[PDB]
Each structure stands twice: as structure tokens, then as C-alpha cells.
Amino acid sequence: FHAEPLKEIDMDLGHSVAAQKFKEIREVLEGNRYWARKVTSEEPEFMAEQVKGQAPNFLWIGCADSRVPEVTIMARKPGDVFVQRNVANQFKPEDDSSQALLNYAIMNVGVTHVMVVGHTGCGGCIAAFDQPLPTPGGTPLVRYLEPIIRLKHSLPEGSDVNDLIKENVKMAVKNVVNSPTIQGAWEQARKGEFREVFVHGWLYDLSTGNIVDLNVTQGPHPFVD
Amino acid sequence: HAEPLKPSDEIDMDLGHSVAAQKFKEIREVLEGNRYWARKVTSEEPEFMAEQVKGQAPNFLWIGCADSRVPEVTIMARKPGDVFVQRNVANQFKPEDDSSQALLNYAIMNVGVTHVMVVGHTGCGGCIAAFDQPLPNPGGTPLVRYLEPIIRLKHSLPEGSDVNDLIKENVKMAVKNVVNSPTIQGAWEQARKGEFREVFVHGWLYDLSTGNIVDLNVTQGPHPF
Ligand SMILES: [Zn+2]
Ligand SMILES: [Zn+2]
């Protein structure tokens, strides 16, 4: 919603303790100062429009991996893409976090397209790839990765890391589709009570920089062409 | 002598694989933007793709909000490979979640990050939603269940406190939660024994009015000063 202008809060980056002690911190904050000056002057109305609220058309459900920033790789702007990022782009149906996020995207800010986006070189999948099925689960990671481990064990023999990565996107897509939020949106949309919303599964290919559609899109109706 | 196909033709052909790009101009637009981006990067930076294929070594972990107006890489003028990211509604880091705890630990132990920034933002709908709420009859929709700690926080703040006050305190609460994490504790105790690099936690506030990131100066490291 509506941002109220700010107000001890101190804007001069000369007064940031960390920026005084760490070059890398100063660099990033100075990067931000320069970004803001630049944008303020090439689109004086940008900051003003964004203070009013947000209307992203997309929700990106993606991985924490530093190589996969959604706005850069989709060449978008702030305000285009509502985002969840966690390790190995999971959307667990039991998770309040994820259901709250998905419901808010769709019902409160007006998202139309939901993309689950995996990527090659995904350490979550690479790590799940050589685990045994749980009886119970070593670390927070192995436990968190349980559904991806189970998934690995349902793959045809000779399947590689990229097959796991791909099926993990499709599994997240199914989890999203089976949420109350989307099932509810689709029930309404079918009857013309709500806009149609779509869930997509994509894979970002680190070797090319290209997003590849895995074509597992679903909407309120049979999605064929 | 034979000329390559022009980029726009190659891109149209490349996107033929995507059913949805054939159905939604919005989707085609984002996949075209991506392809133009990837072409450019590959041309200006012939070995970007090569290095990112090999692995990642970000110095930062960003713990931020899903809000579409707050993409970390854009507003800090960074490149892919610089920032490992968690994004959820209103930038929570719940100490009992395996997902957050696994992400944090993976970032420090596996990925090698040195700085963890909790970043809140003005106009935060997560905070604005928890400002209105009475207290846990134990939570009437999963958003309310997810915003409990912020709902709690809200009721502890002095009378006349506004949204921006809650947003700031939410960052500090999150920072407190990360610091109290087993991961941070065990990096800090290990570091004080001169066995691990020092890792630091910061609290930032992104001001949508100006585009500036405010350091709230709540940085913690293994030692004071
Ligand atoms: Zn990943
Ligand atoms: Zn927010």
C-alpha cells in the first residue's frame, strides 16, 4: 500500500557505521545512492508513482541463488514482479508463509501470472540428488529438502541433475495449482466472477542466460492452443 | 557473406517453444526482454556465463520483503552473483522455521557470505496489515497466522506509534532473530576462536519516497566496536 515519507533515522551515508567500517558495504550503499539520483532525474515521477502502491502482474517463485535475480533477468522494473525466494524454489502446501504470500499476491495486489522458476546449477537439487529417503532427517537443510529427495527417487534410472531440477519446478507448479487460493480463483474465474490466473513453470539456464518455458502452464480452463 | 538472421527473428523463433508466449503478450514481452538481456550480456561480457556456470560467491545475504517495489539487485545497482536472497511477506526470519534456518546456514557455511542484511521498506502491506489486527480464537486466515509476531510487536509499541515505527521495529526484530540463530552464534563463537571469518548482521530500511536505503545502525558482529 501507500508509503508514508520518513520522519532517529539518518539518510546521509556518511553516518552509517558499517559503511565506515566495510568497503563492500559502502560500495553497495553508494550504488544505491547513485541509482536513486539517476532514477529521480530520468523519471521524476517514478518514486512518486511507487509511493502510491503496487500492481505487479507477476509473482515469481524462485530460488535464493545469487545468480537468479528476477528483475534483471526478465529485464523488468521495480513494481513489476512480486517475489518469493527460498532454497530450491519450493512451494510447500503445508507452509503458512507460502500460502499467505500466494494469497496476498493474487487477492490483494492483483497478480495474474505466477511463475515457478528453477535454474541449472541449483545447489538445493544437487544436494537432494544423492540423499537417501528419510526414516528422519539430519540437518534443517536435509529436512527442508525432503520433498525434493522423494522426488529424486521417482525419477527414471539414468536421470541427471537437470531432470531433477526440471521436475522440481513442475512439482512446485502442482503445489501452487492445488492451493486454496488458485483453486478458489479458478472456480470464480470459470463463472466470470474474477480474472483468469495462470501458473507457469520455467527454467533459467545459467549457460545461456535464457529462460526456458517448461510448458506446464495451467489456468481455469484446459490450456492447449 | 551469408548474414545471420536478425536478432528479432532469432528471438521470435527461440520463443516458439513456449505455448504461453504464443497466448499472452505480457508473457512474450518478458521472455523477449530476457532474450535481449542474455544476448547483450553474452556480447559485452563474453565470459560472464562461463564464470556463473562454475559457481557463485556472493558476499551478501539479503533478507527482504516480497513486495514488488523492492528488488535488491536493481536498487543496489548490483549484478547477478552478488546477493543471495530470501524474500517473504514483510521480511520475517522466524527462528523456528527450517526453511529460513537452512537458507541462512547454507548462505554462511556453503555459499560464503559475510554480510546479512535485513531490509524492510516503507509502504509495507505486511506491516500495514498487522497494524490493524487484534491479538491471537487463534488466527482467522493464514496471513493473520503468519503476521502474528508483527501483530504482537505492534501491540508492544507506545501509543500514537505509526506504520513507519512498526516497519522499523520489524526490521530490528528480524535482525535480533538472525543474530540469535544457531548459525550466527556458531560462526561468531568460531570466529572469536580465530577459526571462522567474522560475519555481520545489519538492519536496513528502504525508503520508497526517495529510493534511498537507510542504515538503521544496528549492525552486529562477533565483537563490539
Ligand atoms: Zn537454486
Ligand atoms: Zn513489505
# chains A, B, ... in the order shown; residues from 1 in each chain; ligands from 1
>>> select_by_dssp(residues="segment 2-201 of chain A", states="helix (DSSP H, G or I)", output="JSON list (two decimals) with C-alpha atoms, in the first residue's frame")
[["chain", "number", "residue", "atom", "x", "y", "z"],
["A", 13, "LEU", "CA", 25.51, 7.54, 4.15],
["A", 14, "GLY", "CA", 28.48, 9.20, 5.83],
["A", 15, "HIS", "CA", 26.64, 8.39, 9.06],
["A", 17, "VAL", "CA", 28.70, 2.83, 10.87],
["A", 18, "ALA", "CA", 29.00, -0.19, 8.62],
["A", 19, "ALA", "CA", 29.67, 1.94, 5.54],
["A", 20, "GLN", "CA", 32.53, 3.46, 7.58],
["A", 21, "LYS", "CA", 33.96, 0.03, 8.51],
["A", 23, "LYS", "CA", 34.36, -1.10, 1.85],
["A", 24, "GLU", "CA", 31.91, -3.65, 0.39],
["A", 25, "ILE", "CA", 29.04, -2.18, 2.39],
["A", 26, "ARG", "CA", 29.97, 1.39, 1.42],
["A", 27, "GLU", "CA", 30.12, 0.25, -2.25],
["A", 28, "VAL", "CA", 26.63, -1.24, -2.21],
["A", 29, "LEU", "CA", 25.05, 1.72, -0.42],
["A", 30, "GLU", "CA", 26.80, 4.20, -2.73],
["A", 31, "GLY", "CA", 25.48, 2.10, -5.62],
["A", 32, "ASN", "CA", 22.03, 2.70, -4.20],
["A", 33, "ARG", "CA", 22.57, 6.46, -3.73],
["A", 34, "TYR", "CA", 23.66, 6.62, -7.39],
["A", 35, "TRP", "CA", 20.72, 4.50, -8.52],
["A", 36, "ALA", "CA", 18.25, 6.83, -6.75],
["A", 37, "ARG", "CA", 19.82, 10.10, -8.04],
["A", 38, "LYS", "CA", 19.82, 8.63, -11.57],
["A", 39, "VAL", "CA", 16.20, 7.42, -11.45],
["A", 40, "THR", "CA", 14.96, 10.60, -9.74],
["A", 41, "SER", "CA", 16.22, 12.63, -12.76],
["A", 42, "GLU", "CA", 15.29, 10.39, -15.69],
["A", 46, "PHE", "CA", 8.85, 7.07, -10.62],
["A", 47, "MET", "CA", 9.36, 7.49, -6.88],
["A", 48, "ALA", "CA", 6.02, 9.31, -6.70],
["A", 49, "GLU", "CA", 4.06, 6.59, -8.50],
["A", 50, "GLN", "CA", 5.64, 3.82, -6.43],
["A", 51, "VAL", "CA", 4.77, 5.52, -3.14],
["A", 52, "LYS", "CA", 1.06, 5.08, -4.03],
["A", 70, "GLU", "CA", 14.23, -11.86, -11.28],
["A", 71, "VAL", "CA", 14.07, -8.18, -12.29],
["A", 72, "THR", "CA", 17.45, -8.24, -14.07],
["A", 73, "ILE", "CA", 16.98, -11.47, -15.91],
["A", 87, "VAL", "CA", 16.21, -22.53, -1.28],
["A", 88, "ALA", "CA", 15.37, -24.62, -4.40],
["A", 89, "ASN", "CA", 12.15, -22.70, -5.19],
["A", 96, "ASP", "CA", 1.62, -20.68, 6.00],
["A", 97, "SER", "CA", 4.40, -18.41, 4.75],
["A", 98, "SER", "CA", 3.94, -19.56, 1.14],
["A", 99, "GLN", "CA", 0.12, -19.71, 1.22],
["A", 100, "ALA", "CA", -0.08, -16.25, 2.76],
["A", 101, "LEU", "CA", 2.33, -14.91, 0.14],
["A", 102, "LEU", "CA", 0.45, -16.55, -2.73],
["A", 103, "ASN", "CA", -2.96, -15.44, -1.47],
["A", 104, "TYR", "CA", -1.78, -11.86, -0.94],
["A", 105, "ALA", "CA", -0.25, -11.70, -4.43],
["A", 106, "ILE", "CA", -3.43, -12.87, -6.09],
["A", 107, "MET", "CA", -6.20, -11.42, -3.88],
["A", 108, "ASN", "CA", -4.59, -8.25, -2.57],
["A", 109, "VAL", "CA", -2.13, -6.94, -5.15],
["A", 123, "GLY", "CA", 22.59, -26.46, -5.08],
["A", 124, "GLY", "CA", 19.37, -27.47, -3.39],
["A", 125, "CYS", "CA", 18.63, -30.01, -6.13],
["A", 126, "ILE", "CA", 22.29, -31.00, -6.49],
["A", 127, "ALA", "CA", 22.29, -31.61, -2.69],
["A", 128, "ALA", "CA", 18.99, -33.52, -2.71],
["A", 129, "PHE", "CA", 20.23, -35.60, -5.61],
["A", 140, "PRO", "CA", 17.46, -28.24, 8.81],
["A", 141, "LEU", "CA", 18.54, -28.50, 5.12],
["A", 142, "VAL", "CA", 18.00, -32.28, 4.62],
["A", 143, "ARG", "CA", 14.64, -31.91, 6.32],
["A", 144, "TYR", "CA", 13.75, -28.84, 4.28],
["A", 146, "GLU", "CA", 12.69, -33.83, 1.93],
["A", 147, "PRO", "CA", 10.16, -33.34, -0.94],
["A", 148, "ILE", "CA", 12.96, -32.92, -3.45],
["A", 149, "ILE", "CA", 14.70, -36.03, -2.16],
["A", 150, "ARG", "CA", 11.45, -38.02, -2.52],
["A", 151, "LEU", "CA", 11.12, -36.59, -6.00],
["A", 152, "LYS", "CA", 14.62, -37.73, -6.96],
["A", 161, "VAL", "CA", 20.60, -33.26, -12.06],
["A", 162, "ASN", "CA", 18.80, -31.18, -14.71],
["A", 163, "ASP", "CA", 15.94, -33.68, -14.84],
["A", 164, "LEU", "CA", 15.57, -33.36, -11.07],
["A", 165, "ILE", "CA", 15.71, -29.55, -11.37],
["A", 166, "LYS", "CA", 13.03, -29.61, -14.06],
["A", 167, "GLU", "CA", 10.64, -31.97, -12.22],
["A", 168, "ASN", "CA", 11.15, -29.95, -9.04],
["A", 169, "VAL", "CA", 9.76, -26.88, -10.89],
["A", 170, "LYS", "CA", 6.81, -28.94, -12.13],
["A", 171, "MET", "CA", 6.16, -30.18, -8.55],
["A", 172, "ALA", "CA", 6.10, -26.64, -7.20],
["A", 173, "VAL", "CA", 3.77, -25.72, -10.03],
["A", 174, "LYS", "CA", 1.35, -28.52, -8.96],
["A", 175, "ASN", "CA", 1.57, -27.38, -5.32],
["A", 176, "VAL", "CA", 0.68, -23.87, -6.34],
["A", 177, "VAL", "CA", -2.16, -25.06, -8.55],
["A", 180, "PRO", "CA", -7.00, -22.89, -1.94],
["A", 181, "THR", "CA", -6.01, -19.59, -3.47],
["A", 182, "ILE", "CA", -5.66, -20.78, -7.07],
["A", 183, "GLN", "CA", -8.44, -23.43, -6.88],
["A", 184, "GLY", "CA", -10.66, -20.67, -5.50],
["A", 185, "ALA", "CA", -9.61, -18.11, -8.16],
["A", 186, "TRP", "CA", -10.27, -20.67, -10.89],
["A", 187, "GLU", "CA", -13.71, -21.57, -9.58],
["A", 188, "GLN", "CA", -14.64, -17.86, -9.70],
["A", 189, "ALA", "CA", -12.98, -17.19, -13.00],
["A", 190, "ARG", "CA", -14.79, -20.09, -14.73]]
>>> residues_near_ligand(ligand="ligand 2", cutoff="7 Å", atoms="only C-alpha atoms and all ligand atoms", output="list in words")
residues 65, 66, 67, 89, 90, 91, 120, 121, 123, 124, 125, 126 and 127 of chain B
>>> write_last_selection(atoms="N, CA and C atoms", output="short mmCIF file (atom, residue, chain, number, x, y, z; two decimals), in the first residue's frame")
data_model
loop_
_atom_site.label_atom_id
_atom_site.label_comp_id
_atom_site.auth_asym_id
_atom_site.auth_seq_id
_atom_site.Cartn_x
_atom_site.Cartn_y
_atom_site.Cartn_z
N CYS B 65 11.55 -8.27 1.78
CA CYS B 65 10.15 -8.49 1.54
C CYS B 65 9.86 -8.81 0.05
N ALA B 66 8.76 -9.52 -0.15
CA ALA B 66 8.22 -9.99 -1.42
C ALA B 66 7.76 -8.84 -2.26
N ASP B 67 7.48 -7.71 -1.60
CA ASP B 67 6.98 -6.52 -2.27
C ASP B 67 7.68 -6.23 -3.59
N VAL B 89 6.82 -12.41 2.88
CA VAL B 89 5.96 -11.27 3.23
C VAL B 89 6.51 -10.54 4.47
N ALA B 90 6.64 -9.23 4.36
CA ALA B 90 7.19 -8.40 5.45
C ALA B 90 8.48 -8.86 6.09
N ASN B 91 9.41 -9.40 5.29
CA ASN B 91 10.78 -9.70 5.73
C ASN B 91 10.93 -10.33 7.13
N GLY B 120 13.78 -3.85 5.48
CA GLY B 120 12.37 -3.51 5.42
C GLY B 120 12.17 -2.35 4.50
N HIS B 121 10.91 -1.94 4.30
CA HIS B 121 10.61 -0.87 3.34
C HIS B 121 9.35 -0.13 3.77
N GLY B 123 5.69 1.61 3.26
CA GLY B 123 4.54 1.13 2.49
C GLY B 123 4.37 -0.37 2.54
N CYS B 124 4.91 -1.01 3.58
CA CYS B 124 4.92 -2.46 3.67
C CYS B 124 3.52 -2.94 4.05
N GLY B 125 2.86 -3.65 3.14
CA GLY B 125 1.50 -4.14 3.32
C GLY B 125 1.42 -5.23 4.37
N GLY B 126 2.54 -5.89 4.63
CA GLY B 126 2.59 -6.88 5.68
C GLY B 126 2.45 -6.19 7.01
N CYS B 127 3.16 -5.07 7.13
CA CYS B 127 3.14 -4.33 8.36
C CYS B 127 1.82 -3.59 8.50
#
>>> closest_residue(among="A:43, A:95, A:65, A:8", to="ligand 1", atoms="only C-alpha atoms and all ligand atoms")
A:65
>>> closest_residue(among="B:103, B:214, B:19, B:50", to="ligand 1", atoms="only C-alpha atoms and all ligand atoms")
B:103
>>> atom_distance(atom1="atom CA of residue 218 of chain B", atom2="atom CA of residue 199 of chain B")
14.1 Å
>>> closest_atom_pairs(of="chain B", to="ligand 1", cutoff="12 Å", atoms="only C-alpha atoms and all ligand atoms", output="tab-separated table")
residue	atom	partner	partner_atom_place_in_ligand_line	distance
B:55	CA	ligand 1	1 (Zn)	11.1
B:56	CA	ligand 1	1 (Zn)	10.7
B:84	CA	ligand 1	1 (Zn)	10.1
B:85	CA	ligand 1	1 (Zn)	10.7
B:86	CA	ligand 1	1 (Zn)	11.8
B:103	CA	ligand 1	1 (Zn)	10.8
B:106	CA	ligand 1	1 (Zn)	11.2
B:107	CA	ligand 1	1 (Zn)	11.7
B:111	CA	ligand 1	1 (Zn)	11.5
>>> write_last_selection(atoms="N, CA and C atoms", output="tab-separated table (two decimals), in the first residue's frame")
chain	number	residue	atom	x	y	z
B	55	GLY	N	30.05	-21.46	-10.54
B	55	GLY	CA	29.55	-21.39	-9.19
B	55	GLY	C	29.21	-19.99	-8.79
B	56	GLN	N	29.05	-19.79	-7.51
B	56	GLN	CA	28.66	-18.46	-7.03
B	56	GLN	C	29.43	-18.17	-5.74
B	84	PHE	N	22.73	-13.30	-2.32
B	84	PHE	CA	21.90	-14.44	-2.03
B	84	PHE	C	20.66	-13.84	-1.34
B	85	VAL	N	19.48	-14.36	-1.65
B	85	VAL	CA	18.25	-13.66	-1.26
B	85	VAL	C	17.21	-14.59	-0.64
B	86	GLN	N	16.65	-14.16	0.49
B	86	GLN	CA	15.34	-14.62	0.96
B	86	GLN	C	14.34	-13.49	0.88
B	103	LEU	N	18.29	-21.77	4.94
B	103	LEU	CA	18.75	-20.79	3.98
B	103	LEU	C	19.92	-20.04	4.61
B	106	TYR	N	23.04	-22.26	4.89
B	106	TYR	CA	23.58	-22.54	3.59
B	106	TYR	C	24.35	-21.32	3.08
B	107	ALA	N	23.79	-20.12	3.31
B	107	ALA	CA	24.45	-18.89	2.86
B	107	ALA	C	25.83	-18.69	3.50
B	111	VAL	N	27.88	-21.08	0.94
B	111	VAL	CA	27.96	-20.07	-0.10
B	111	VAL	C	29.10	-19.09	0.21
>>> atom_distance(atom1="atom CA of residue 83 of chain B", atom2="atom CA of residue 64 of chain A")
8.7 Å
>>> atom_distance(atom1="atom CA of residue 30 of chain B", atom2="atom CA of residue 14 of chain B")
13.4 Å
>>> residues_around(residues="residue 188 of chain B", least_positions_apart="6", cutoff="10 Å", atoms="only C-alpha atoms", output="list in words")
residues 179, 182, 194, 195, 196, 197, 198, 199, 200, 221, 222 and 223 of chain B
>>> write_last_selection(atoms="C-alpha atoms", output="tab-separated table (two decimals), in the first residue's frame")
chain	number	residue	atom	x	y	z
B	179	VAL	CA	21.62	-12.85	15.46
B	182	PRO	CA	22.39	-21.10	15.84
B	194	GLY	CA	40.05	-17.31	15.32
B	195	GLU	CA	38.63	-20.23	13.31
B	196	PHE	CA	35.95	-18.64	11.06
B	197	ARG	CA	35.75	-15.35	9.16
B	198	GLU	CA	33.71	-12.72	11.01
B	199	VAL	CA	30.15	-12.41	9.74
B	200	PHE	CA	27.96	-9.37	10.35
B	221	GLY	CA	29.43	-8.76	14.57
B	222	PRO	CA	31.24	-11.27	16.73
B	223	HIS	CA	32.81	-8.41	18.79
>>> select_by_dssp(residues="segment 4-213 of chain A", states="strand (DSSP E or B)", output="PyMOL selection string")
chain A and resi 58-63+81-86+113-119+198-205+210-213
>>> residues_around(residues="residue 155 of chain B", least_positions_apart="2", cutoff="12 Å", atoms="only C-alpha atoms", output="list in words")
residues 130, 131, 132, 133, 134, 135, 136, 148, 149, 150, 151, 152, 153, 157, 158, 159, 160, 161, 162, 165, 166 and 169 of chain B
>>> closest_residue(among="B:20, B:191, B:109, B:11", to="chain A", atoms="only C-alpha atoms")
B:20
>>> residues_around(residues="residue 63 of chain B", least_positions_apart="3", cutoff="8 Å", atoms="only C-alpha atoms", output="MDAnalysis selection string")
chainID B and resid 85:87 91:93 116:119
